[PDB]
Amino acid sequence: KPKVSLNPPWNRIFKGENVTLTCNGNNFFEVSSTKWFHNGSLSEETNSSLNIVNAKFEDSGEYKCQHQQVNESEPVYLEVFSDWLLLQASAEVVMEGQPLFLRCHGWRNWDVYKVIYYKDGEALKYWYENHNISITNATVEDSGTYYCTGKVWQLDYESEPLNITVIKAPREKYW
Amino acid sequence: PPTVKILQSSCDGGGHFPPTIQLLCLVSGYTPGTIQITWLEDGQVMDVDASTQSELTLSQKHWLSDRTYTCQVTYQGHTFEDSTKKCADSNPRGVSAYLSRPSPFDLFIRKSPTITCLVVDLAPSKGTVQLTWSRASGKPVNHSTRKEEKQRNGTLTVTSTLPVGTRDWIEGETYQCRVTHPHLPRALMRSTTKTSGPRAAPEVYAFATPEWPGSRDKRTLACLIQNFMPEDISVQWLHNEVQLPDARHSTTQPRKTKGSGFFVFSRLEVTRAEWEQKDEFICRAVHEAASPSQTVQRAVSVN
Amino acid sequence: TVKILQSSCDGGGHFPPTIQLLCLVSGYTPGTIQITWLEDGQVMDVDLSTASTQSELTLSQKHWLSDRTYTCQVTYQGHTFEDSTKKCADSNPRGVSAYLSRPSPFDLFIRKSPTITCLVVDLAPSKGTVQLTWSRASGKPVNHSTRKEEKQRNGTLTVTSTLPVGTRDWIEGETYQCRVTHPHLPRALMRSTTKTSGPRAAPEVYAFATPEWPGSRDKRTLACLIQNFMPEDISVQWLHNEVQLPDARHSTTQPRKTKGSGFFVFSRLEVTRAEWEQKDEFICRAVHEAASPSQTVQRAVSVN
Ligand SMILES: *[C@@H]1O[C@H](CO)[C@@H](O[C@@H]2O[C@H](CO)[C@@H](O[C@@H]3O[C@H](CO[C@H]4O[C@H](CO)[C@@H](O)[C@H](O)[C@@H]4O)[C@@H](O)[C@H](O[C@H]4O[C@H](CO)[C@@H](O)[C@H](O)[C@@H]4O)[C@@H]3O)[C@H](O)[C@H]2NC(C)=O)[C@H](O)[C@H]1NC(C)=O
Ligand SMILES: *[C@@H]1O[C@H](CO)[C@@H](O[C@@H]2O[C@H](CO)[C@@H](O[C@@H]3O[C@H](CO[C@H]4O[C@H](CO)[C@@H](O)[C@H](O)[C@@H]4O)[C@@H](O)[C@H](O[C@H]4O[C@H](CO)[C@@H](O)[C@H](O)[C@@H]4O)[C@@H]3O)[C@H](O)[C@H]2NC(C)=O)[C@H](O)[C@H]1NC(C)=O
Ligand SMILES: *[C@@H]1O[C@H](CO)[C@@H](O[C@@H]2O[C@H](CO)[C@@H](O[C@@H]3O[C@H](CO)[C@@H](O)[C@H](O[C@H]4O[C@H](CO)[C@@H](O)[C@H](O)[C@@H]4O)[C@@H]3O)[C@H](O)[C@H]2NC(C)=O)[C@H](O)[C@H]1NC(C)=O
Ligand SMILES: *[C@@H]1O[C@H](CO[C@@H]2O[C@@H](C)[C@@H](O)[C@@H](O)[C@@H]2O)[C@@H](O[C@@H]2O[C@H](CO)[C@@H](O)[C@H](O)[C@H]2NC(C)=O)[C@H](O)[C@H]1NC(C)=O
Ligand SMILES: *[C@@H]1O[C@H](CO)[C@@H](O[C@@H]2O[C@H](CO)[C@@H](O)[C@H](O)[C@H]2NC(C)=O)[C@H](O)[C@H]1NC(C)=O
Ligand SMILES: *[C@@H]1O[C@H](CO)[C@@H](O)[C@H](O)[C@H]1NC(C)=O
Ligand SMILES: *[C@@H]1O[C@H](CO)[C@@H](O)[C@H](O)[C@H]1NC(C)=O
């Protein structure tokens with residue numbers, strides 16, 4: 001089962017941004033063997049890299065890839081937003097292992113000041129300029145609703161809530 | 001048309017503002033026939049302070065509050081102006097939108113309500129904000145007048161005035177102003193509706209303070225209007241049943257009283273010329289509950 | 001007396017091209033007066049005069065953009081006077097705000113315990129302390145400070161510092177300086193306060209009672225207009241049988257300019273029938289600096 005990765009990460013993007021979806025897979029049968037599927041449809045891309053430029057509102061949805069035969073690939077949900085502030089996360093089904101990344105992206109590359117992250121009511125971190133959250137090896141308690149409030153063009157704006165779950169250990173056991 | 005410049009006391013040491021800042025407005029190279037300098041504070045009025053120098057003394061808080069001061073010279077032909085302000089490196093304020101309810105005077109007396117949508121803190125370059133008027137019920141709207149003004153600090157101001165049917169507004173129709181800009185991600189949404197809730201007739205008390213022995217020239221007439229709901233109220237002053245200009249009197253913004261309602265204060269200054277005439281000075285308040293004709297008035301005079 | 005003047009920032013706060021610097025040297029005995037200009041300890045201009053400087057510093061938008069210090073020096077008859085200039089530093093570095101309040105007339109003259117509060121807001125938590133210092137421009141001993149830290153919910157810090165000052169020192173026109181040297185802030189936060197200068201006018205107070213409404217025969221309203229006072233600061237109080245009423249019992253509007261020179265304020269108080277029917281006298285008192293000698297002017301309200 002090939003896994004589709006987005007370059008850059010944070011599928012939550014703004015309108016007019018850039019993404020590139022690619023499923024590597026164990027094999028390297030890129031030539032005329034990668035089928036890219038939007039919502040229950042067939043696209044017109046044969047290369048392993050599907051580049052979305054100027055991402056309109058119609059480009060959102062679930063994406064799948066079908067490198068040669070296999071069975072299928074795990075669908076990836078791409079959502080396009082048009083707010084002043086958007087909270088972008090590296091993953092939302094993140095394991096207890098690989099770290100968790102949070103970014104407060106303003107509209108375009110506009111500087112955002114007085115950025116405050118929230119932790120379901122309780123504020124997490126406040127910084128004078130735009131800052132990232134780089135929680136390495138997030139544990140169980142790092143879950144819930146996250147949103148960032150900032151100051152763009154000397155005016156206060158608030159992002160949209162994002163639900164992040166980290167889940168528990170898979171098996172443990174070991175008697 | 002002389003040369004007008006403004007000089008500001010620069011910071012001392014490692015860039016520290018002096019506790020008192022002295023702005024110096026220089027007007028040089030003119031034929032002296034009439035000299036008049038005004039010191040507007042963001043469009044307001046300030047007291048008083050070849051070549052002429054005008055001195056303005058300002059505190060730390062006033063200068064650091066990011067206020068624009070306009071030194072304006074009147075030279076018969078025109079009214080030239082300069083500008084001075086604390087200068088910020090970058091990050092200008094973003095576009096702001098405001099919506100104003102119709103005044104009771106234009107709603108019940110003149111029977112011609114007009115709602116105003118104001119767009120401020122615009123940008124001189126690439127600014128073409130489109131203002132759209134909509135109704136909650138979807139009924140067609142009347143033609144609106146849109147005007148653009150250049151402010152003293154360089155930003156643009158867009159004013160959109162649309163007349164509103166009195167019957168439509170009285171019933172409770174909700175109007176909406178949409179501001180669209182190419183750079184803005186979303187569209188600025190503003191909504192104006194009626195002020196639903198309890199209604200109480202305003203209580204108006206007009207009075208004359210007694211004459212201070214220092215000045216036998218002017219008298220201060222005043223009028224307290226209390227216990228009215230909602231807060232939308234118009235205040236006017238009538239001299240021999242003739243409405244005085246709005247610049248003659250000053251009315252305090254509505255404030256919620258402790259008990260149940262709102263209260264406002266109106267103050268006006270009269271010269272001894274009208275006081276000798278023994279005319280009846282009328283304080284009038286127009287409010288939605290000021291039955292019967294949406295108006296309550298009181299009269300004061302000598303003795 | 002040597003003073004300095006830069007070129008004012010135009011409109012919304014953009015530096016005009018060809019910045020001009022003026023050095024005003026005045027109030028001296030005529031003689032061998034020599035004025036020099038220094039750039040970061042170097043030589044920039046040398047002037048001789050027997051009147052302010054006859055040559056003005058013309059720059060470009062290359063020097064007045066970074067950390068450059070320009071010094072105007074007078075070396076007149078062996079007497080050396082120095083003045084330093086630099087692009088004015090940010091009032092709120094990194095967005096951290098500083099507000100320096102002023103003592104009210106009430107505790108400046110009646111309570112005789114004036115206090116000045118320096119409030120630093122929009123700070124961030126860090127491993128350390130926010131170093132705040134109180135100083136006087138003339139240079140005199142200070143009276144400590146009641147420093148306090150806060151932990152506001154939005155993650156920002158808050159530093160409050162109250163310093164008690166002498167009324168005599170504040171009356172004469174002393175300057176009080178609050179300095180903040182937090183490590184996050186690049187250089188410092190430098191706030192100054194000083195008694196407002198200008199003309200002084202004794203306030204005129206007119207206090208009265210509204211006449212009885214036929215609607216509800218329980219509560220009456222007492223109104224007090226205080227006008228023609230300069231400067232804009234004032235304290236308004238209501239007294240019943242010579243004991244001060246709580247501040248929540250009355251509402252006072254913010255000072256506003258009149259048609260002429262001066263301000264005006266309205267104060268409204270609500271009294272009950274039981275208090276009123278006792279025939280007590282209600283005192284409206286205004287405390288202002290120009291109401292010499294007691295700095296308080298009061299008037300009386302009563303029925304009939
Ligand atoms: C450059 O200079 C211009 C002016 O020269 C500045 O523009 C001003 O901006 C401020 C704030 O954005 C405006 O203040 C707001 O005014 C609204 C207009 O209502 C008044 O005016 C109308 C007539 O136009 C009257 O009919 C009405 O009765 C009002 O008297 C108010 O409605 C606003 O109040 C709302 O916001 C405040 C908080 O700001 C709340 O406390 C209120 O309750 C209410 O919700 C507000 O007061 C001002 O009007 C603008 N000037 C003009 C002439 O319109 C620019 O800001 C300046 N640039 C910079 C960068 O500073
Ligand atoms: C996180 O949350 C905290 C609290 O929830 C916020 O802290 C508040 O920040 C505001 C904004 O700076 C502070 O309000 C400021 O107060 C200053 C001092 O006020 C004096 O005067 C009043 C009476 O008017 C007294 O009650 C008060 O005790 C002080 O003695 C004002 O100077 C500020 O501006 C005022 O004046 C200017 C002119 O100079 C006007 O233009 C303004 O409109 C305004 O009238 C301002 O009002 C408030 O005190 C703080 N709360 C505290 C310290 O407890 C943080 O800002 C927030 N962080 C973020 C990132 O949002
Ligand atoms: C595959 O499925 C996805 C959904 O999983 C689908 O994306 C959806 O597209 C529709 C548009 O056809 C979105 O619906 C709205 O359309 C209006 C215009 O009619 C837009 O204005 C909406 O965006 C915002 O607009 C305002 C700002 O201008 C906001 O105030 C407002 O609240 C809107 O959020 C929005 O685009 C629908 O939202 C998306 N779905 C999601 C989850 O976002 C996609 O089109 C499908 N693929 C194909 C090829 O059809
Ligand atoms: C916040 O992070 C962004 C991007 O984070 C990158 O991607 C993450 C998944 C993780 O791998 C991070 O370690 C990465 O740095 C930063 O933007 C990058 O800035 C550098 C320096 O200019 C640039 O070379 C990269 O191309 C940028 N990334 C992208 C995707 O464009 C940003 O600097 C960080 N800090 C902030 C925003 O304050
Ligand atoms: C990345 O986004 C930028 C704008 O956000 C776009 O750049 C365009 O790239 C195409 C080629 O893919 C060029 O033809 C255009 O001229 C570019 N526009 C510019 C530079 O304004 C595009 O959406 C993405 N660019 C790439 C290379 O993928
Ligand atoms: C978690 O962080 C990295 C990433 O997995 C890992 O190498 C490290 O050993 C882990 N640390 C702890 C304390 O579990
Ligand atoms: C996020 O998860 C919590 C816990 O299950 C739930 O209560 C909440 O409704 C979720 N939020 C959204 C937007 O789905």
# chains A, B, ... in the order shown; residues from 1 in each chain; ligands from 1

call {"tool": "residues_near_ligand", "arguments": {"ligand": "ligand 2", "cutoff": "6 Å", "atoms": "only C-alpha atoms and all ligand atoms", "output": "list in words"}}
result
residues 114 of chain A; 61 and 65 of chain B; 99, 101, 121, 122, 152, 154, 156 and 158 of chain C

call {"tool": "write_last_selection", "arguments": {"atoms": "C-alpha atoms", "output": "PDB file, in the first residue's frame"}}
result
ATOM      1  CA  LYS A 114       1.536  38.578  19.047  1.00  0.00           C
TER       2      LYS A 114
ATOM      3  CA  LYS B  61       1.492  60.101  26.117  1.00  0.00           C
ATOM      4  CA  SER B  65      -0.563  57.747  21.125  1.00  0.00           C
TER       5      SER B  65
ATOM      6  CA  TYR C  99       1.991  53.065  30.064  1.00  0.00           C
ATOM      7  CA  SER C 101      -0.009  56.993  34.589  1.00  0.00           C
ATOM      8  CA  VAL C 121       2.021  44.743  29.180  1.00  0.00           C
ATOM      9  CA  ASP C 122       2.258  42.259  26.298  1.00  0.00           C
ATOM     10  CA  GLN C 152      -2.746  36.796  32.386  1.00  0.00           C
ATOM     11  CA  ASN C 154      -3.612  34.739  27.193  1.00  0.00           C
ATOM     12  CA  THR C 156       1.291  37.366  28.212  1.00  0.00           C
ATOM     13  CA  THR C 158       2.293  42.036  33.083  1.00  0.00           C
TER      14      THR C 158
END

call {"tool": "interface_residues", "arguments": {"of": "chain A", "to": "chain B", "cutoff": "7 Å", "atoms": "only C-alpha atoms", "output": "list in words"}}
result
residues 82, 83, 84, 107, 153, 154 and 155 of chain A

call {"tool": "interface_residues", "arguments": {"of": "chain C", "to": "chain A", "cutoff": "8 Å", "atoms": "only C-alpha atoms", "output": "PyMOL selection string"}}
result
chain C and resi 94-95+124+153-156

call {"tool": "interface_residues", "arguments": {"of": "chain B", "to": "chain C", "cutoff": "8 Å", "atoms": "only C-alpha atoms", "output": "NGL selection string"}}
result
:B and (6-20 or 47 or 59-60 or 64 or 68 or 83-89 or 152-155 or 205 or 209-210 or 212 or 252 or 265 or 269)

call {"tool": "closest_atom_pairs", "arguments": {"of": "chain A", "to": "ligand 5", "cutoff": "9 Å", "atoms": "only C-alpha atoms and all ligand atoms", "output": "tab-separated table"}}
result
residue	atom	partner	partner_atom_place_in_ligand_line	distance
A:16	CA	ligand 5	5 (O)	6.2
A:17	CA	ligand 5	5 (O)	5.3
A:18	CA	ligand 5	1 (C)	5.0
A:19	CA	ligand 5	28 (O)	8.0
A:20	CA	ligand 5	28 (O)	8.5
A:51	CA	ligand 5	28 (O)	7.2
A:52	CA	ligand 5	23 (O)	7.6
A:53	CA	ligand 5	23 (O)	4.0
A:54	CA	ligand 5	23 (O)	4.8
A:55	CA	ligand 5	23 (O)	7.9
A:108	CA	ligand 5	5 (O)	8.5

call {"tool": "write_last_selection", "arguments": {"atoms": "N, CA and C atoms", "output": "PDB file, in the first residue's frame"}}
result
ATOM      1  N   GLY A  16      -4.900  29.492  -3.768  1.00  0.00           N
ATOM      2  CA  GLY A  16      -3.777  29.967  -4.547  1.00  0.00           C
ATOM      3  C   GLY A  16      -2.418  29.478  -4.097  1.00  0.00           C
ATOM      4  N   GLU A  17      -2.359  28.544  -3.153  1.00  0.00           N
ATOM      5  CA  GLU A  17      -1.094  28.021  -2.662  1.00  0.00           C
ATOM      6  C   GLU A  17      -0.628  26.869  -3.553  1.00  0.00           C
ATOM      7  N   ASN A  18       0.433  26.181  -3.135  1.00  0.00           N
ATOM      8  CA  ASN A  18       1.026  25.097  -3.901  1.00  0.00           C
ATOM      9  C   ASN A  18       1.092  23.830  -3.061  1.00  0.00           C
ATOM     10  N   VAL A  19       0.780  22.696  -3.692  1.00  0.00           N
ATOM     11  CA  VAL A  19       1.050  21.390  -3.095  1.00  0.00           C
ATOM     12  C   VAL A  19       1.560  20.473  -4.193  1.00  0.00           C
ATOM     13  N   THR A  20       2.266  19.418  -3.794  1.00  0.00           N
ATOM     14  CA  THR A  20       2.669  18.350  -4.700  1.00  0.00           C
ATOM     15  C   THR A  20       2.445  17.023  -3.992  1.00  0.00           C
ATOM     16  N   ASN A  51       0.989  18.043  -9.122  1.00  0.00           N
ATOM     17  CA  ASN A  51       1.242  19.380  -8.602  1.00  0.00           C
ATOM     18  C   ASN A  51      -0.025  20.218  -8.715  1.00  0.00           C
ATOM     19  N   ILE A  52      -0.523  20.690  -7.578  1.00  0.00           N
ATOM     20  CA  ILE A  52      -1.657  21.602  -7.541  1.00  0.00           C
ATOM     21  C   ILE A  52      -1.120  23.010  -7.321  1.00  0.00           C
ATOM     22  N   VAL A  53      -1.304  23.867  -8.323  1.00  0.00           N
ATOM     23  CA  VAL A  53      -0.893  25.264  -8.279  1.00  0.00           C
ATOM     24  C   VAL A  53      -2.143  26.121  -8.413  1.00  0.00           C
ATOM     25  N   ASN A  54      -2.184  27.231  -7.672  1.00  0.00           N
ATOM     26  CA  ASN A  54      -3.363  28.091  -7.588  1.00  0.00           C
ATOM     27  C   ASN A  54      -4.586  27.272  -7.164  1.00  0.00           C
ATOM     28  N   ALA A  55      -4.477  26.721  -5.956  1.00  0.00           N
ATOM     29  CA  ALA A  55      -5.461  25.774  -5.436  1.00  0.00           C
ATOM     30  C   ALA A  55      -6.794  26.484  -5.247  1.00  0.00           C
ATOM     31  N   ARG A 108      -1.616  35.004   2.664  1.00  0.00           N
ATOM     32  CA  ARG A 108      -0.365  35.272   1.961  1.00  0.00           C
ATOM     33  C   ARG A 108       0.810  35.179   2.929  1.00  0.00           C
TER      34      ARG A 108
END

call {"tool": "residues_near_ligand", "arguments": {"ligand": "ligand 3", "cutoff": "6 Å", "atoms": "only C-alpha atoms and all ligand atoms", "output": "list in words"}}
result
residues 39, 57, 58, 59, 60, 61, 79 and 82 of chain A; 186 of chain B

call {"tool": "residues_around", "arguments": {"residues": "residue 28 of chain C", "least_positions_apart": "3", "cutoff": "12 Å", "atoms": "only C-alpha atoms", "output": "ChimeraX atom specification"}}
result
/C:1-2,24-25,31-33,49-52,74,76-77,79

call {"tool": "atom_distance", "arguments": {"atom1": "atom CA of residue 292 of chain C", "atom2": "atom CA of residue 247 of chain C"}}
result
24.6 Å

call {"tool": "residues_around", "arguments": {"residues": "residue 137 of chain B", "least_positions_apart": "3", "cutoff": "9 Å", "atoms": "only C-alpha atoms", "output": "JSON, numbers by chain"}}
result
{"B": [134, 173, 174]}

call {"tool": "write_last_selection", "arguments": {"atoms": "N, CA, C and O atoms", "output": "PDB file, in the first residue's frame"}}
result
ATOM      1  N   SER B 134     -27.461  45.102   1.053  1.00  0.00           N
ATOM      2  CA  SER B 134     -28.401  43.995   0.966  1.00  0.00           C
ATOM      3  C   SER B 134     -29.403  44.076   2.109  1.00  0.00           C
ATOM      4  O   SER B 134     -29.171  44.733   3.126  1.00  0.00           O
ATOM      5  N   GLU B 173     -36.641  45.662   9.717  1.00  0.00           N
ATOM      6  CA  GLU B 173     -35.831  45.132   8.630  1.00  0.00           C
ATOM      7  C   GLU B 173     -34.347  45.298   8.940  1.00  0.00           C
ATOM      8  O   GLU B 173     -33.914  46.331   9.457  1.00  0.00           O
ATOM      9  N   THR B 174     -33.568  44.269   8.619  1.00  0.00           N
ATOM     10  CA  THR B 174     -32.132  44.258   8.869  1.00  0.00           C
ATOM     11  C   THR B 174     -31.395  44.558   7.569  1.00  0.00           C
ATOM     12  O   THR B 174     -31.615  43.885   6.556  1.00  0.00           O
TER      13      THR B 174
END

call {"tool": "residues_near_ligand", "arguments": {"ligand": "ligand 4", "cutoff": "12 Å", "atoms": "only C-alpha atoms and all ligand atoms", "output": "MDAnalysis selection string"}}
result
chainID A and resid 5:11 13 17:20 87:91 98:106 109:115 127:136

call {"tool": "write_last_selection", "arguments": {"atoms": "N, CA and C atoms", "output": "short mmCIF file (atom, residue, chain, number, x, y, z; two decimals), in the first residue's frame"}}
result
data_model
loop_
_atom_site.label_atom_id
_atom_site.label_comp_id
_atom_site.auth_asym_id
_atom_site.auth_seq_id
_atom_site.Cartn_x
_atom_site.Cartn_y
_atom_site.Cartn_z
N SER A 5 2.37 11.39 0.15
CA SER A 5 2.95 12.46 0.93
C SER A 5 2.76 13.78 0.19
N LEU A 6 2.54 14.84 0.96
CA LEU A 6 2.33 16.18 0.43
C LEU A 6 3.58 17.02 0.67
N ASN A 7 4.11 17.60 -0.40
CA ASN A 7 5.20 18.57 -0.30
C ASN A 7 4.68 19.93 -0.72
N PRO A 8 4.56 20.91 0.18
CA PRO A 8 4.86 20.85 1.62
C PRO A 8 3.77 20.12 2.41
N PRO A 9 4.02 19.84 3.69
CA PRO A 9 2.98 19.25 4.55
C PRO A 9 1.88 20.25 4.87
N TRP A 10 1.02 19.91 5.84
CA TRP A 10 -0.11 20.74 6.24
C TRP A 10 -1.11 20.90 5.11
N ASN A 11 -1.79 19.81 4.76
CA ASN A 11 -2.81 19.82 3.71
C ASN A 11 -3.79 20.99 3.84
N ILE A 13 -4.49 24.36 3.46
CA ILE A 13 -3.79 25.38 2.70
C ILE A 13 -4.75 26.53 2.38
N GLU A 17 -2.36 28.54 -3.15
CA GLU A 17 -1.09 28.02 -2.66
C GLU A 17 -0.63 26.87 -3.55
N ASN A 18 0.43 26.18 -3.13
CA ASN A 18 1.03 25.10 -3.90
C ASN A 18 1.09 23.83 -3.06
N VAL A 19 0.78 22.70 -3.69
CA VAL A 19 1.05 21.39 -3.09
C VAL A 19 1.56 20.47 -4.19
N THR A 20 2.27 19.42 -3.79
CA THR A 20 2.67 18.35 -4.70
C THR A 20 2.44 17.02 -3.99
N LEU A 87 -4.57 27.46 11.10
CA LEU A 87 -3.67 26.61 11.87
C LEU A 87 -3.34 25.38 11.04
N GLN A 88 -2.06 25.24 10.69
CA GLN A 88 -1.58 24.15 9.86
C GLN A 88 -0.83 23.15 10.72
N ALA A 89 -1.22 21.88 10.64
CA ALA A 89 -0.60 20.81 11.41
C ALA A 89 0.03 19.79 10.47
N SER A 90 1.17 19.24 10.91
CA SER A 90 1.85 18.23 10.11
C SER A 90 0.99 16.98 9.95
N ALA A 91 0.32 16.57 11.02
CA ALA A 91 -0.57 15.41 10.98
C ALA A 91 -1.64 15.56 12.05
N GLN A 98 6.73 10.00 15.92
CA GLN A 98 7.05 11.12 15.05
C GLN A 98 6.45 12.43 15.56
N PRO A 99 7.21 13.52 15.53
CA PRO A 99 6.80 14.74 16.24
C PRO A 99 5.59 15.40 15.59
N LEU A 100 5.05 16.38 16.30
CA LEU A 100 3.89 17.15 15.87
C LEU A 100 4.30 18.60 15.63
N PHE A 101 3.92 19.12 14.47
CA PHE A 101 4.29 20.47 14.05
C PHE A 101 3.03 21.31 13.88
N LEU A 102 3.04 22.51 14.45
CA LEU A 102 1.94 23.45 14.36
C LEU A 102 2.46 24.80 13.88
N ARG A 103 1.72 25.42 12.96
CA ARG A 103 2.11 26.69 12.38
C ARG A 103 0.88 27.57 12.21
N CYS A 104 1.02 28.85 12.54
CA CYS A 104 -0.06 29.82 12.36
C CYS A 104 0.23 30.61 11.09
N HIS A 105 -0.45 30.25 10.00
CA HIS A 105 -0.21 30.86 8.70
C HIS A 105 -1.25 31.94 8.44
N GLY A 106 -0.78 33.17 8.22
CA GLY A 106 -1.66 34.24 7.82
C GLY A 106 -1.96 34.19 6.34
N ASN A 109 1.95 35.75 2.56
CA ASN A 109 3.11 35.79 3.45
C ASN A 109 3.13 37.09 4.26
N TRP A 110 2.01 37.39 4.92
CA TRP A 110 1.91 38.58 5.75
C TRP A 110 2.43 38.28 7.15
N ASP A 111 3.21 39.21 7.70
CA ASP A 111 3.77 39.03 9.03
C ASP A 111 2.66 39.05 10.08
N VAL A 112 2.70 38.09 10.99
CA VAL A 112 1.73 37.97 12.08
C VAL A 112 2.47 38.17 13.39
N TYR A 113 1.97 39.09 14.21
CA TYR A 113 2.59 39.42 15.48
C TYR A 113 1.67 39.05 16.64
N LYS A 114 2.26 38.92 17.82
CA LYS A 114 1.54 38.58 19.05
C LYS A 114 0.76 37.27 18.89
N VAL A 115 1.45 36.26 18.36
CA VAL A 115 0.81 34.98 18.08
C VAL A 115 0.65 34.20 19.37
N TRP A 127 4.05 34.55 21.62
CA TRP A 127 5.30 35.10 21.13
C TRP A 127 5.03 36.40 20.38
N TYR A 128 6.03 37.29 20.41
CA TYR A 128 5.89 38.60 19.77
C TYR A 128 5.70 38.46 18.26
N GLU A 129 6.45 37.57 17.63
CA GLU A 129 6.35 37.32 16.20
C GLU A 129 5.76 35.93 15.97
N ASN A 130 5.66 35.55 14.69
CA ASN A 130 5.15 34.23 14.35
C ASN A 130 6.15 33.15 14.77
N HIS A 131 5.66 32.14 15.47
CA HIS A 131 6.50 31.05 15.95
C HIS A 131 5.79 29.72 15.73
N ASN A 132 6.59 28.67 15.57
CA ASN A 132 6.09 27.33 15.35
C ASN A 132 6.04 26.54 16.65
N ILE A 133 5.29 25.44 16.62
CA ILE A 133 5.25 24.47 17.71
C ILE A 133 5.83 23.17 17.18
N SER A 134 6.84 22.64 17.86
CA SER A 134 7.66 21.54 17.37
C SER A 134 7.70 20.41 18.39
N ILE A 135 6.54 19.97 18.85
CA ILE A 135 6.47 19.03 19.97
C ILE A 135 7.09 17.71 19.53
N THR A 136 8.26 17.39 20.06
CA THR A 136 8.97 16.16 19.70
C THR A 136 8.50 15.02 20.59
#

call {"tool": "residues_around", "arguments": {"residues": "residue 229 of chain C", "least_positions_apart": "5", "cutoff": "7 Å", "atoms": "only C-alpha atoms", "output": "list in words"}}
result
residues 201, 202, 203, 262 and 263 of chain C

call {"tool": "closest_residue", "arguments": {"among": "B:79, B:266, B:161, B:132", "to": "ligand 1", "atoms": "only C-alpha atoms and all ligand atoms"}}
result
B:161
